[PDB]
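1. As a preliminary step, the opening chains of the complex are given here in situ:
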Amino acid sequence: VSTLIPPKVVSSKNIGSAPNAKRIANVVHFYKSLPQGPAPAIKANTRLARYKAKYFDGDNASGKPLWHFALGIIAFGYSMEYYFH
């Protein structure tokens, strides 16, 4: 009876579609995300900070700390098993 007009009705149509739900999701997931590894806090300073940078960081993550623990028992020979039970 006349010229129908569904070419321009997306101003209220862009709310119910599924991609819009993902659209409003990931845009919030993007703006505050740190750009290039910023704010990594690589300078750890808490009590034994030196340990935090050699083995406690996790780059090595090997049996050295338990080796250090074992050597501590060895150095305590005349303190726990000798001169005492």
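-> Yep, it's here. Numbering: from 1, shown residues only, chains lettered A, B, ... in the order given.

2. Would you quantify the distance from residue A:23 to residue A:84?
-> For residue A:23, the distance to residue A:84 (Cβ to Cβ, to the nearest Å) stands at 71 Å. (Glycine included, C-beta is placed from N, CA and C.)

3. Comparing these two, which shows the higher neighbour count?
-> Applying other Cβ atoms under 10 Å to residue A:23 and residue A:84 shows that residue A:23 carries more neighbours, namely 12 against 7.

4. Just the element for that one, please.
-> Assigning secondary structure by DSSP states H and E places residue A:23 in helix A:18-26.

5. As CSV, could you dump the C-alpha coordinates of the helix or strand that that helix is followed by?
-> The C-terminal neighbour of helix A:18-26 among helices and strands, as given by DSSP H and E, is helix A:49-54. Coordinates of each C-alpha in helix A:49-54 appear next as CSV, following Å, rounded to 0.1, in the frame of the first residue of the first chain:
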residue,chain,number,x,y,z
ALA,A,49,64.3,-10.2,49.3
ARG,A,50,67.5,-11.8,47.9
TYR,A,51,66.0,-15.3,48.1
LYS,A,52,62.9,-13.9,46.3
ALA,A,53,65.2,-13.0,43.3
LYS,A,54,67.4,-16.1,43.0
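
6. Also put chain B in, sequence below:
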Amino acid sequence: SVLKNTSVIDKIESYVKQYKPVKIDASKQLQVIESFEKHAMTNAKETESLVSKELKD
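-> Just below you will find chain B, in place on the chains above:
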């Protein structure tokens, strides 16, 4: 002039001439036709403003 017993053609010719102004055109649509357009400006610019904003956003 092909009819030598004319007797009606002048009446018929006059009948054509009296109704020579048969009937005028009807350009009545001057308030509702643009009302379709006024919705057309409203929704298209609503769409265009959104898509222009969203393409850059």
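
7. one step back: does chain B sit close to the helix holding residue A:23?
-> No: applying Cβ under 8 Å from any Cβ of the partner chain, one finds helix A:18-26 separated from chain B by no less than 9.0 Å.

8. And for that helix, what's in contact with it?
-> Applying Cβ atoms under 8 Å, 6 or more residues apart in numbering or on different chains, the contact partners of helix A:18-26 are residue A:14.

9. what comes up buried for that helix?
-> Residues of helix A:18-26 classed as buried: none (neighbour count, 16 or more other Cβ atoms under 10 Å in any protein chain shown).

10. try stretch B:47-57
-> For stretch B:47-57, by 16+ other Cβ under 10 Å, it's B:47, B:50.

11. Any part of it near chain A?
-> Yes: Stretch B:47-57 comes into contact with chain A (Cβ under 8 Å from any Cβ), by way of B:47, B:48, B:49, B:50, B:51, B:54.

12. so of the residues you listed, which ones are in helices?
-> Counted as lying in helices by DSSP state H, out of the residues of stretch B:47-57 next to chain A, are B:47, B:48, B:49, B:50, B:51, B:54.
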